[PDB]
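Read off the chains here:
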Amino acid sequence: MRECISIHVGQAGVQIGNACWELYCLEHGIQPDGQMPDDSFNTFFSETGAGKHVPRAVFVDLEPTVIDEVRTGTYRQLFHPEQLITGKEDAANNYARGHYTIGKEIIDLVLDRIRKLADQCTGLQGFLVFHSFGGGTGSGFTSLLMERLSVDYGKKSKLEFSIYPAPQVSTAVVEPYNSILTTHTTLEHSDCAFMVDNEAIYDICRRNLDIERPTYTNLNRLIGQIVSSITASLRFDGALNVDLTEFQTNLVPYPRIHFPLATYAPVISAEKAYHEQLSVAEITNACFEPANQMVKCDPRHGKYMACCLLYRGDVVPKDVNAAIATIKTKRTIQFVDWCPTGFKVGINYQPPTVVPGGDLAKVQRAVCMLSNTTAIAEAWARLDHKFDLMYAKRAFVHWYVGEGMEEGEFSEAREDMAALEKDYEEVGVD
Amino acid sequence: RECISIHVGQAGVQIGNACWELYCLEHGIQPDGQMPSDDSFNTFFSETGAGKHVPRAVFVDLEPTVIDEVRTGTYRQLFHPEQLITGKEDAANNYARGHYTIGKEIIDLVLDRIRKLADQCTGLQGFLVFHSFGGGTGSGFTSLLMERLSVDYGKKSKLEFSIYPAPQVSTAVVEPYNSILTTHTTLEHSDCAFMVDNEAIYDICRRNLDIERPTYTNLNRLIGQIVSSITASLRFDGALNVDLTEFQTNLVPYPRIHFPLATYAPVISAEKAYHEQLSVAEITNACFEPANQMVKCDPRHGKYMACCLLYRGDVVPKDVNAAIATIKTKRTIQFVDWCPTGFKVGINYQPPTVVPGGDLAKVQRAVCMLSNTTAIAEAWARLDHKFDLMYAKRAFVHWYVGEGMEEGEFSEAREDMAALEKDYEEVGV
Amino acid sequence: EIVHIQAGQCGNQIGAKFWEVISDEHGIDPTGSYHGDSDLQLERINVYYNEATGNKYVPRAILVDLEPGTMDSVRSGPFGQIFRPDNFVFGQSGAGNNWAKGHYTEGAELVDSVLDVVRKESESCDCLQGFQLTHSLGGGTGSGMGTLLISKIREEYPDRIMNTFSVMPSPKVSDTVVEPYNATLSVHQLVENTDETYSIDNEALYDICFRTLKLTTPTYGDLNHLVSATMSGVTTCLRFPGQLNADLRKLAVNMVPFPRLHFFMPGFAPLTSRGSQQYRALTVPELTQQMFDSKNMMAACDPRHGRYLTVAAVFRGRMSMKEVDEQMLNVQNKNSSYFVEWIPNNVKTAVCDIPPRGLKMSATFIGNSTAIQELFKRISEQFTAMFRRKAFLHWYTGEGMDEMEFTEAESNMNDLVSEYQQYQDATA
Amino acid sequence: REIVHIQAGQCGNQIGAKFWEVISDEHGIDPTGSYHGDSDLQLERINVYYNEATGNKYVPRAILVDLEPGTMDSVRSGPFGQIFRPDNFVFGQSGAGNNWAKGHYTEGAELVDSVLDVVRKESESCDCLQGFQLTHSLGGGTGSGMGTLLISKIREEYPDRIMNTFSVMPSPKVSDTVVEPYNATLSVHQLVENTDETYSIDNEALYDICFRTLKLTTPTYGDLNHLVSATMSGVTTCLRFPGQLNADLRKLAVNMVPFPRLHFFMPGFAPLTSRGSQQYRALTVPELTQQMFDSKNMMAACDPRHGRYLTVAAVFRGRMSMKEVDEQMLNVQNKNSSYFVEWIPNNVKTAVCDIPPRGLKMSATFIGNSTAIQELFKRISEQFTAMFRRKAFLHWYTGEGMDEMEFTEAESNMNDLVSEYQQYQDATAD
Amino acid sequence: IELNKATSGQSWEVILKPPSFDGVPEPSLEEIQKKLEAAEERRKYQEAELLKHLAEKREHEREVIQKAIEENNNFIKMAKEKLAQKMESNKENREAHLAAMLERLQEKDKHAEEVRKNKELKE
Ligand SMILES: CC[C@H](C)[C@@H]([C@@H](CC(=O)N1CCC[C@H]1[C@H](OC)[C@@H](C)C(=O)N[C@@H](Cc1ccccc1)C(=O)O)OC)N(C)C(=O)[C@@H](NC(=O)[C@]1(C)CCCN1)C(C)C
Ligand SMILES: Nc1nc2c(ncn2[C@@H]2O[C@H](COP(=O)(O)OP(=O)(O)OP(=O)(O)O)[C@@H](O)[C@H]2O)c(=O)[nH]1
Ligand SMILES: Nc1nc2c(ncn2[C@@H]2O[C@H](COP(=O)(O)OP(=O)(O)OP(=O)(O)O)[C@@H](O)[C@H]2O)c(=O)[nH]1
Ligand SMILES: COc1cc2c(c(OC)c1OC)-c1ccc(OC)c(=O)cc1[C@@H](NC(C)=O)CC2
Ligand SMILES: Nc1nc2c(ncn2[C@@H]2O[C@H](COP(=O)(O)OP(=O)(O)O)[C@@H](O)[C@H]2O)c(=O)[nH]1
Ligand SMILES: Nc1nc2c(ncn2[C@@H]2O[C@H](COP(=O)(O)OP(=O)(O)O)[C@@H](O)[C@H]2O)c(=O)[nH]1
Ligand SMILES: [Mg+2]
Ligand SMILES: [Mg+2]
């Protein structure tokens, strides 16, 4: 029961998923053969006759390279050759290819593995879509698939893990186009989306894992840690609390207003030694420093429409309440009038498991604070500006147009953003 | 000469258990029915082919428990399975439920057990109806019964034994509603109604009997003693009150004022050191002090229209009239213009019987009194204001109208209950 | 005879606490066998328990949930073995704190199935009194399905009486933003469908645990320990033989003066601590005035803000009705402004000579006070915050509903407060 | 994933042969065609420019085309000569004779269909054909004429494939063929219309480098051709060698080309070297970064500082500190901010290969879309308009079929491109 | 004064002051049932009217669970229908671009012929 399928959309999407799935195998002491030496983890994996626990997931990419790395990699047997879908012709960092031209030549096959994974689902909760914002595949293909599941699986829970572009971490001049194009098309077909601004991920490694030049892994190993903290409340039935979907109810006030901000803590490198350790009250306040945020924004200026604390490890209400007590005096946590000033707190048993030969050190007590602040519309503002600049001159546009796309789709997709931008304005009115 | 004692609702049913307990004691009947070695006791006992004397009494309740406590008691053998009629759910403190709801259902069957109790009669005088006032059953059904009994037994008597409610006793918030709607319906029908103010019986079991928190049993031990003192002349070969229609004449002069005030002496305890027993002069003076009165309403301020002094045991007429002459000397004791200042005295020489192993005391001498006084309006006016407050704001009404009643029935009953109080004015001039 | 349904996370945990406290009072050991000392217990044991003949006992309890979780807690629980297996009626798709899920879409799917158990369990009884529903007012299974089930039952058994132990939500206990929506929607259904409703404010239970019981971290076990006391406390009259001799409908007739005004303010004296320490007993005056004072109410209102229409009070333990009655007449004479003069003898006492578990005295209270409108304004206000801006409505409109149902459900509760008022001001 | 190569005319074959010599050595391949390299990264993306054969031998995927056996034979009797499939050599005996009309229309066309027969063969045996690559003289007959004739015909057959050219712009400083600006302008007309990207190898810069810098008094072709290939290994670095990216002609095109006509790149390389001279004193990181945005190092005689960069891609080769690189890369753009279009956010992108070129410990390539490239087109228009004014040498073309208006057609189309380049140079955000 | 004497009883009047005034003054079965049958009519109807308001509610739920069933299906129409338009507009569009580019090329391949013609016309 309570099943959920994870769908990975090229490069960012695939690579992230691997960091996730490797951590999952560790979390539930699973070996890279599907075998393992609570039953709540069966919401993500599935046991066969031989006792093989295959994940309820799909790895998709328009070109082979990234998925081939999985097909030969350290976990080659952890999946099905069918559940690992690939093309040949890449999305050429173009949404118009990802969505239309190239995308159409796989979608049907893709949706089928989803349907075959959907069959073994006693009671499907929904889907988790790990994609890039600026990648041709991550953008175009994702929206096509998201539109198609809103058809096939109708009003079913479509959750996302979007990878917000950062110049520091790769990028490609067009990315903001692909970003705004997908943001728009996905909006109606999404339920709740978790953005991950690659700069804030970069910044963190640099500052805490003390990595001057963060590798993709270095970032993903960290990202997977934050994502797992979100999905902890699903693969674990810990009496303590652990309760996603309940969070989502406070988190999503209105439907377009579905972008919670993640503020993971504590990110500590395996080097500290006699630092042991942070109190609940320390890590609580950690979530309030914009330096720990998943997306770079400022909610000290920003209003609030939800605050949700997801604890994991050595947590006792006594001090969480004592923690929430102090914070509730810090006159920067200003909520809207129509919104209550409460904090939905969930606690897990299983503390954060750390990757063998990793950058981070085994924390006793980890947290992740999801919140619905109007300060997120800064990410949109950041992206919309770069879009405007190139669009002004209709720079690179011809590549999109050349793949079918009407010149109006870009404007439509921009006004929709402008609306969402204004929607966060309106909601913040007291 | 025959007599059907009907007991409707828990109070009257429980009260009937203490009545026939004393009756079978006074006549020597065993809890099985036999009585080994005047015959007037038969006015209440229908002897079977197996020589046993089964009472002429039909017990009625809308819920099982109480009548089921009879088929438990030692006196289970005493009655037939047909005479103890029980429903499944009582008229939950609701008159309209007792009358129109569960009433309509059980009426015919209740009347049948009466018919067949009466299909044994050489001369059925009337019926001795026993009940509460504030009960759902002891108001809704009783009033419905008198209604059909009056048609089915026209020109035959009705002697209401009603228990007036009291706060110091287990009373309910709806009681004053039931109490009026019942009286309105049980007025044109009842020929004589003996009120038992639960308030007085309460402290009488205390001040004179030394029991601070009196049980229903202790309260009834006293009620049965006063009830049997009323029926004494009917159950025996006595002179005064030889029939049902005797009280109806000797006490009821004006018809609507069919509520005589009762009085009883000697109220005496057992767990106290023995001494000289009370004399005729002792009890007669005790009979005129409200410290032993049945219903709490000032006799000293209220015009009379009747009086009967019903003695029992070791008495002699000279000493009776010697104790009568003592009171007329200093106390003038009022009477209406249209009435003779004098009482019909009666002595049933039989011994005053008390329950063996009871709180009461075995006295050789006793008395009772039946007195129609205008002061009994002071009892209604109490209940009338209680009704007056709630009905104004229509508090609880919805329960009654929910049971098929009409909102007018409360005003109808209160108009008549006021009319009756103007009749206590028109008389007590 | 009585049928006891328990709906939702709250209602089931609440229900299993009652079913364990009353089974200790009745000698029904976790397995299902009478072992109690006096047969005074056994007398009115048919009200709640059946016979496996046996001679085992089964509670007249139907269990409802739209997800397994809590059913299993009971199964795993000590007194869980005692429950009829064929009585656990549960779904898999959790209703998730949505009244519209429990009341419409999800609930409907399990309703018919549950109703069959009540149809069956109602057959076993010679003459049933009515029904008892224990549930949360801010959830979805409890809040929505419970009210759905009530409407369904009312239709099936119109002559039977609907009694509920309805737990009012609060922001002090539960962070679920949506709560004033479910609460209002469910209040609206109670105002029109139940005959007597026991108002259990979580605000007040958390406040009791905190200020009064000195419990720094109040857990549900502590908040629920207070409820089981007030349940076995008000159900002393149904389970225990004495001069009462009463039923659900007799209570309802006497407590409820006007139809809609049927929400009750439960009270308890002494407010004991879950565990420690039981030492030092109470005097009669101590037990009376505590119980009448706002600090001892399971509902968060001020009795001194309104006027009681009717009052009920079950004093337990060995004492003297003289002492007890002497204090009741003292109170009504002292605080005469807060008892409606137009309902003669508006306060009823009841004394049982059996104390509860541990404590050698108790005094459970129920008051039909006009002051409860405070508990309703509390919710109606919390609702509007969200409502004026139509916040979190999408979850409900998605379920099939319309804003009209919210407009109506509030307007109906605003009319209740408008009504509770009418009488608070009224005089002879 | 597979690039088909075509060399046209003298220069075409001359530059092509050297490219092939450079990249075979770079990949560890002998003149025969058998691998010998130590690192197996050489064999990684070999599938691109090479064909797998019998005896595990490799053969460059290239079509050798000219209308004269001349250079064709010089190639065969050259260093690698035997490595090429002789069936691919499509060599007429006509001789276009530095005449565009002889190549594009008449003498060329007859051979064009024979050429295509070979392209259609090389395209067939392909897992995924990426696009085509042309190396040609813009001033000659066969290179500029038949070369652009070939483009247009290939462009018909495969519109879905990337068209890439290495177009060597003539210089009066390197040639006395008076008609050269005629053949130049006509070829540019075709290029602005049917190639995805074009690397502008200008014979003026090639000379001045070999003369003023390399100090070789009388520079030979060998002296020039060497610099051509230095930039050609450089441009094709990540297309051949592995790295972080991914490695697509299309991805580059989409990122590098904002407007479709404007796709002429200013190739630059550092360190500049004299053909076959052993290097000694290695370069620091800022030397390579500074010496790469130097007009002095640009393969096209235009001043980057005279215009504005729309897009830039800088490929550094051989093991070095990326922080030192990122530090410097950002110094350059943050200092010379005036020469970068504000309306193309994040216009500079850097790639690093650990594998360096033979004889170099550190190299760095530059690809740029600077508007400054107009200085090249302008130069040619004047050169053309000088002669056209006076209908000079024109009868060579008319008598070859060719119409008079076709010249004025190409001249004004070139004049449009100039204005077009300036339009965006001027254009600001505000 | 005297009244009666008996076996186990005796009675007698006892006057004191007689009356100052010599004078004194100053049910159907059908209509029982007629009242009871009107009373039941009442009780039975308001409980029957209640059943109408409950049946009214049962219909709202019947309509609500229905709105939700349509609300998702009308949405799947919009989603499926939009996707159908988008893939078509795009198939149409991308194909017009590809077709017009080869038309331009074919026309430019036409020129080539009239040129080798203008060469033979000159010859
Ligand atoms: C104000 C009410 C809260 C939500 C409680 C409570 C939850 C609870 O009672 N829970 C949730 C699991 C079970 C239970 C307790 O902690 C293990 C145990 C001892 C218990 O009482 N168990 C029950 C079993 C049970 C009851 C109800 C439902 C399910 C199971 C029993 O003894 O019978 O935590 C203790 N609380 C103080 C808290 O501190 C929680 N904090 C919050 O929600 C705050 C800070 C307070 C309200 C506004 N936000 C959170 C940090 C856990
Ligand atoms: N955090 C993170 N970002 C990544 C990762 N891989 C790529 N990205 C980001 O993804 C964006 C580029 O999109 P891609 O996902 O690489 O492209 P794609 O079209 O989906 O995939 P391809 O088919 O390989 O082109 C940039 O913002 C990158 O920084 C990764 O593993 N981690
Ligand atoms: N003295 C006395 N009064 C009684 C007794 N039982 C009940 N009452 C009174 O009767 C009144 C209530 O009427 P009930 O007849 O008991 O109630 P009911 O609704 O008619 O009958 P049930 O519901 O079946 O018990 C109150 O005034 C009680 O004080 C009893 O045995 N003795
Ligand atoms: C099933 O339990 C009970 C049932 C009832 C009563 C009650 O309180 C003592 C109960 O205990 C909680 C009751 C209540 C209120 C009254 O007036 C407010 C009344 O007059 C009268 C009563 C009850 N009657 C008496 C004499 O207590 C009858 C109904
Ligand atoms: N006092 C009390 N409140 C509870 C309990 N469990 C949950 N709650 C309350 O119940 C409400 C949520 O409804 P709940 O019954 O948990 O969910 P449901 O399964 O949808 O009925 C909130 O107001 C909670 O504070 C419990 O056992 N006791
Ligand atoms: N850099 C360079 N330029 C050359 C080479 N061969 C010819 N050129 C130039 O090419 C132009 C003439 O083209 P050419 O290759 O001779 O004619 P084709 O044989 O008809 O393609 C002139 O501007 C020459 O400078 C060469 O090998 N290298
Ligand atoms: Mg891509
Ligand atoms: Mg009754």
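The rules behind the values
- Residues numbered from 1 in each chain as written, not as in the entry; some residues may be left out.
- Chains lettered and ligands numbered in written order.
- Heavy atoms only, no water.
- Residues with missing side-chain atoms left out of burial classes, pairs and counts.
- Helix = DSSP H or I, 4+ residues; strand = E, 2+ residues; numbered from the N terminus.
- Rg over C-alpha atoms; globule rule 2.2 N^0.38 Å.
- Contact = heavy atoms within 4.5 Å.
- Buried < 20%, exposed > 50% of the residue type's maximum accessible area, 1.4 Å probe, protein only.
- Pairing = 2+ DSSP bridges.
- Right-handed = clockwise from strand over helix to strand, strands pointing away.
- Buried area = accessible area lost by both parts, 1.4 Å probe.
- Salt bridge = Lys/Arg side-chain N within 4 Å of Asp/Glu carboxyl O.
- Near = heavy atom within 4 Å.
- Polar contact = N/O pair within 3.5 Å; in protein donor to acceptor, adjacent residues only side chain to side chain.
- Areas by Shrake-Rupley, 256 points an atom, 1.4 Å probe, with all protein chains shown as cover.
- Nonpolar A, V, L, I, M, F, W, Y, C, P; charged D, E, K, R; others polar.
- Axes fitted to C-alpha atoms, helices over the stretch in contact; angles between N-to-C directions.
- Domains from an automatic or database assignment.
- Patch = residues over 30% accessible without salt bridge, like charges linked within 9 Å, V, L, I, M, F, W, Y side chains within 5 Å.
- Parallel < 35°, antiparallel > 145°, perpendicular 65-115°, else oblique.
- Left-handed = near helix turned anticlockwise from the far one by under 90°.
- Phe/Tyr/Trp six-rings, centres within 6.5 Å; stacked < 30°, edge-to-face > 60°.

**Q** How should I be thinking about the overall build of chain C in this particular structure?
**A** When its secondary structure is counted, chain C shows 15 helices and 12 strands. For 428 residues, the compact-globule estimate of 2.2 N^0.38 gives 22 Å, and chain C sits close to it at 21 Å. Projected onto its principal axes, the C-alpha positions of chain C cover 60 × 55 × 45 Å. Long-range contacts, defined here as pairs at least 24 residues apart, represent 81% of the contacts in chain C between residues at least 6 apart.

**Q** Hey, could you run me through the pairing of strand β8 (residues 196-201) of chain C in this one?
**A** One face of the sheet, then the other: side chains in a regular strand alternate in exactly this way. All names here are of chain C. With 6 of 6 residues buried, β8 is to be regarded as a mostly interior element. Both faces of β8 are covered, namely the face carrying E196, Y198 and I200 and the face carrying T197, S199 and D201. Pairing geometry for strand β7 (residues 161-168) and β8, over 6 bridges, is parallel. The partner of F165 across the bridge, within β8, is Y198. Following the backbone out of β7, through helix α6 (residues 179-193) and into the adjacent parallel β8, one traces a crossover that is right-handed. The pairing of β8 with strand β9 (residues 263-264) spans 2 bridges and is parallel. Within β9, the residue paired with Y198 across the bridge is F264.

**Q** What am I meant to see in the interface of chain A and chain E here?
**A** Interfaces are often sized by the amount of accessible area the parts lose when they come together. Each side of the interface is counted separately: chain A has 20 residues, and chain E has 15 residues. Taking both sides of the interface into account, the surface hidden between chain A and chain E amounts to around 1,500 Å²; carbon and sulfur atoms contribute 60%. At the junction of chain A and chain E, the tally comes to 2 salt bridges. Across the pair E:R94 and A:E403 runs a salt bridge whose closest N-O atoms are separated by 3.2 Å.

**Q** Mind showing me how you'd approach the site of ligand 2 here?
**A** In the neighbourhood of ligand 2, 25 residues make up the surrounding shell, with A:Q11, A:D90, A:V169, A:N198 and A:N220 lying closest. Chains contributing residues to the immediate surroundings of ligand 2 are chains A and D. The contact in question runs from an oxygen atom of ligand 2 to an N or O atom on the side chain of A:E63, over 2.9 Å. Compared with its free state, where it exposes 650 Å², ligand 2 has 98% of that area covered by protein. When residues of the shell around ligand 2 are traced back to their parent elements, those giving at least two are α1 (12-27), α5 (136-152) and α8 (216-235) of chain A. When its residues are assigned to classes, the shell around ligand 2 shows 7 nonpolar, 13 polar and 5 charged.

**Q** Which parts of the structure should I look at to understand the sheet that holds strand β5 (residues 88-90) of chain C?
**A** Strand pairing in a sheet takes place through backbone hydrogen bonds and is either antiparallel or parallel in direction. Residue and element names in this part refer to chain C. The strand order β5-β4-β1-β6-β7-β8-β9 describes an open sheet built from 7 strands, whose pairing is parallel. Two strands close off the open sheet at either side, each with one partner strand: β5 and β9. On top of the sheet, helix α7 (residues 202-212) reaches β7 and β8; it is set at about 45° to β8, its chief contact.

**Q** Would you explain the domain arrangement of chain A in this entry?
**A** Residues and elements named next belong to chain A. Each assigned domain of chain A is listed with its residue range as follows: domain 1 (1-260), domain 2 (261-375) and domain 3 (376-430). If you average the C-alpha positions of domain 2 and of domain 3, the two centres end up 32 Å apart. With 15 residues of domain 2 at the contact, the number on the domain 3 side is 10 residues. Carbon and sulfur atoms make up 49% of the area that domain 2 and domain 3 hide from each other, which totals about 1,000 Å². Along the contact surface separating domain 2 from domain 3 lie 1 salt bridge. Ionic pairing is found between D430 and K303, a salt bridge with its closest N-O pair at 2.8 Å. Looking at the side of domain 2 that touches domain 3 residue by residue, the classes come out as 8 nonpolar, 3 polar and 4 charged.

**Q** Would you mind showing me how to read a nonpolar patch on the surface here?
**A** The grouping of D:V178, D:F393 and D:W396 at the surface amounts to a nonpolar patch, some 280 Å² of accessible area in total. Tracing the chain through its elements places D:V178 in the loop between β7 (162-169) and α6 (180-194).

**Q** Teacher, can you tell me more about unusual backbone geometry here?
**A** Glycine aside, residues mostly have negative phi, and peptide bonds are mostly found in the trans state. Following C:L244, the chain continues into C:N245 via a peptide bond in cis, with omega recorded as 0°. Structurally, C:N245 is set in the loop between α9 (236-239) and α10 (248-255). A positive phi angle, close to 60°, is found at A:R394, a residue other than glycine. Following the sequence through the fold, A:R394 ends up in the loop between α12 (377-393) and α13 (397-401). When its relative accessible area of 34% is taken as the criterion, A:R394 is described as partly exposed. In this structure, D:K215 takes a positive phi of about 60° despite not being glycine.

**Q** How should I be thinking about the domain arrangement of chain C in this particular structure?
**A** Residue and element names in this part refer to chain C. If you check the domain split of chain C, you get domain 1 (1-257), domain 2 (258-371) and domain 3 (372-428). One C-alpha centre belongs to domain 2, the other to domain 3, and the line joining them spans 30 Å. On the side of domain 3, 15 residues touch domain 2, which itself brings 20 residues to the contact. Of the roughly 1,600 Å² buried between domain 2 and domain 3 on both sides combined, carbon and sulfur atoms contribute 56%. When residues of domain 2 are sorted by the area they lose upon contact with domain 3, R260, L261 and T370 head the list and together hold 37% of the total. Across the salt bridge formed by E419 and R260, the nearest N and O atoms sit 3.9 Å from each other. Applying the counting rule to domain 2 against domain 3 returns 14 residue pairs in polar contact. Here the side of domain 2 that touches domain 3 is composed, by residue class, of 10 nonpolar, 6 polar and 4 charged.

**Q** Is there a simple way to think about the interface of chain E and chain B in this case?
**A** Across the contact, 30 residues belong to chain E and 41 residues belong to chain B. Buried surface at the junction of chain E and chain B, summed over both partners, amounts to about 3,200 Å²; 60% is from carbon and sulfur atoms. When the buried area of chain E at its contact with chain B is split by residue, E:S8, E:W12 and E:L36 rank highest and sum to 21% of it. A salt bridge links E:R42 to B:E406, with the shortest nitrogen-to-oxygen separation between them at 3.1 Å. Here chain E and chain B share 19 residue pairs in polar contact between them. Counting residues per element, the side of chain E that touches chain B draws most heavily on strand β2 (residues 9-17) of chain E, which supplies 9 residues. Among the residues forming the side of chain E that touches chain B, the class breakdown is 14 nonpolar, 9 polar and 7 charged. Direction of pairing for strand β11 (residues 341-348) of chain B relative to β2(E): antiparallel, over a ladder of 6 bridges. Bridging from a neighbouring strand, B:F343 pairs with E:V14 of β2(E).

**Q** Help me out: how do you make sense of the arrangement of the chains in this one?
**A** For this structure, the chain pair with the highest number of contacts among 7 pairs of chains in contact is chains B and E. These two, chain B and chain D, are apart from each other, with no contact and a minimum C-alpha gap of 78 Å. A gap remains between chain C and chain D, with no contact made and the closest C-alpha atoms lying 38 Å from each other.

**Q** Is there a simple way to explain the packing of helix α5 (residues 142-157) of chain D against α6(D) in this structure?
**A** A pair of packed helices can be characterised by two numbers: the angle between their axes and the separation between those axes. Residues and elements named next belong to chain D. Running from amino to carboxyl end, α5 crosses α6 at an angle of 15°, the nearest separation of the two axes being 9 Å. Between α5 and α6, the angle is such that the two are roughly parallel. Like other packed secondary-structure pairs, α5 and α6 cross with a definite hand, here left-handed. Contacts between α5 and α6 involve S144, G145, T148, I151, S152 and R155 from the first element and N183, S187, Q190, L191 and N194 from the second. Residue classes in the contact of α5 with α6 are distributed as 2 nonpolar, 8 polar and 1 charged.

**Q** How should I be thinking about the environment of C:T364 in this particular structure?
**A** Residue and element names in this part refer to chain C. Tracing the sequence through the fold places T364 in strand β12 (residues 362-369). C-alpha separation for the pair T364 and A350, spaced 14 residues apart in sequence, amounts to 9.7 Å. Excluding residues within four positions of it along the chain, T364 makes contact with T230, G233, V234, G267, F268, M291, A312, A313 and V314.

**Q** Can you walk me through the side chain of E:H111 in this structure?
**A** Here E:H111 lies in helix α1 (residues 30-122). Separated by 3.3 Å, the side chains of E:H111 and D:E406 make a polar contact. Residues in contact with E:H111, not counting those within four places in the same chain, are D:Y105, D:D403 and D:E406.

**Q** It is not clear to me how the packing of aromatic side chains should be interpreted in this structure. Could you clarify?
**A** A ring pair, where both rings are aromatic, is described by two values, the distance of the centres and the angle of the planes. Within this structure, the stated rule accounts for 101 aromatic pairs over all chains. Centre to centre, the rings of A:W21 and A:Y24 are 5.1 Å apart; their planes meet at 90°, and the pair counts as edge-to-face. In this pair, A:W21 and A:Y24 both sit in helix α1, 3 residues apart, roughly one turn of the helix. As far as burial versus exposure is concerned, A:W21 and A:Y24 are alike and both buried. Ring geometry for B:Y177 and B:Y400: centres 5.7 Å apart, planes at 50°, overall tilted. Here B:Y177, found in helix α5 (residues 175-185), pairs with B:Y400, found in helix α12 (residues 397-402); they are 223 residues apart in sequence, far enough to count as distant. The buried category is assigned to B:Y177, whose relative accessible area is 0%. With a relative accessible area of 0%, B:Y400 lands in the buried category.

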